[PDB]
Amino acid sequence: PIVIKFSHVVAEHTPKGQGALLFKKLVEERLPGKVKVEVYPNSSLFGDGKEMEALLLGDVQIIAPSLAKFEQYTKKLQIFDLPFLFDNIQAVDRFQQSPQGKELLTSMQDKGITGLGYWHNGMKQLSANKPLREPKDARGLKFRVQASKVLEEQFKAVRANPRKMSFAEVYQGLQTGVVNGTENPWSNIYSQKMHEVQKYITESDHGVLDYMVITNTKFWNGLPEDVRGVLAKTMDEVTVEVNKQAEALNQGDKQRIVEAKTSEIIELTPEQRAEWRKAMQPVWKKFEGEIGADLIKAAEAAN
């Protein structure tokens, strides 16, 4: 059979982990003996920084990186990293589905990559070993970020010291004090046990963690036309399922963190959240030139 390896860096009981397994389940039912899907979670095949290499060589067929991890291949996806750009997952969804949002799926056409769809995870929450209620609370802390210039600027804006790290290394980074805070949707906190080394989690919803499911164009366009049709339709069905259940998964993980009895959850007043917004929103100006001032304008319209 045609082998499709789906590699990713998250745990199985997460939006992306379930999505990859659902894709395997449906494809193997619909193309019996014609296509086999092998899923490699938790960086078990390829980890951060290395997966793009594998995809373009042909060592893996589908990956789904965070939208924040494409700056070296395109400058447009950085729009999803801008803090407080989207108020909720609804706005995110509306932008992704617009003509401009869909054109971004081909933003890496030149580099031999085909965008198959957007998968949601959820809004990011701040965590640290001290309560983060107001921007000043972050001063002097070391925060792990994904490999994004936008996210680095976000923390520099609150006088924190950002450190780019691969996802697989974050728990150890926090436990050893190399970093002392980070940002993550609830599901990544719980599934990587980061609540065990982060005493305070602030429900900031200050940015979005979402993915682009991608493949190698030469591989994908090289498939038998009939097989590709079924795979594309099946991926679209999986996207629906992932996206409808992501928020609920994250809420389940928030509750599992509460039940774990390791951390305290800080709720922000609308006013406190407005303070974070005022401190971080100036980062948008630094990236308008690369992203496109008009592209950013449309994203606001989605709100």
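One rule holds for the numbers: they count along the sequence shown, beginning at 1.
The mean Cα B-factor in the deposited entry runs higher for 68 to 76 than for the other of 68 to 76 and 191 to 199. The question of which stretch, 20 to 28 or 275 to 283, has the higher mean Cα B factor is settled in favour of 275 to 283. Each of 148, 182, 107, 166 has a CA temperature factor in the record; the biggest one is found at 107.
The PDB entry gives the largest Cα B-factor of the residues 115, 162, 135, 177 to 135. When the CA B factors of the chain's modelled residues are split into thirds, the value for residue 38 lands in the middle one.
Per-chain ranking of the deposited C-alpha B factor places residue 152 in the middle third. Annotation for residue 82: C-alpha temperature factor in the highest third relative to the rest of the modelled chain, per the entry. The entry lists a Cα temperature factor for residue 60 that places it in the lowest third of the chain's modelled residues. Per the deposited record, the Cα B-factor of residue 120 falls in the lowest third when ranked against the other modelled residues of its chain.
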